[PDB]
C-alpha cells in the first residue's frame, strides 16, 4: 500500500494485498475501488469535509468476509492520510463466507494508495 495503486485490506486479522486499484472522482465523492466486483473493497470518501469523512465501505468476498457500512448506519469507518496513503479503519456488518446464514461484524483496515 506504499507503492502507487496498491492496497492492503485486513479483516479480523487476515490480510489480502492488491495491485489492482482504481480511484475516481465522482463528484462530490472520491471513489476507491480495490480488486474486482467479485472480490474487493469499494470506499466512498467525502474529501471536502474537514476532517474528511468516509461515506461508505463495501467489502466483498475478502479474507472470507463480505460487509456493508453506510454513514448513519451500524458499524463505523474513520480515515487518515499519510502522504498519499489512505487508511480507512472501522467495523462492518455482513457475513463470513464459511457461514453465510449467520451475522458477522468484522473489524477492517484498508490501506491504499491511488
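Residue numbers count along the first chain shown, from 1.
Taking the mean C-alpha B-factor of each stretch as recorded, 60-68 and 43-51 are not equal, and the higher mean is that of 43-51. Checked against the record, the higher mean CA B factor of 85-93 and 33-41 lies with 33-41. In the PDB entry, residue 102 places in the lowest third of its chain by CA B-factor. Ranked by Cα temperature factor within the chain, residue 7 sits in the middle third according to the deposited record.
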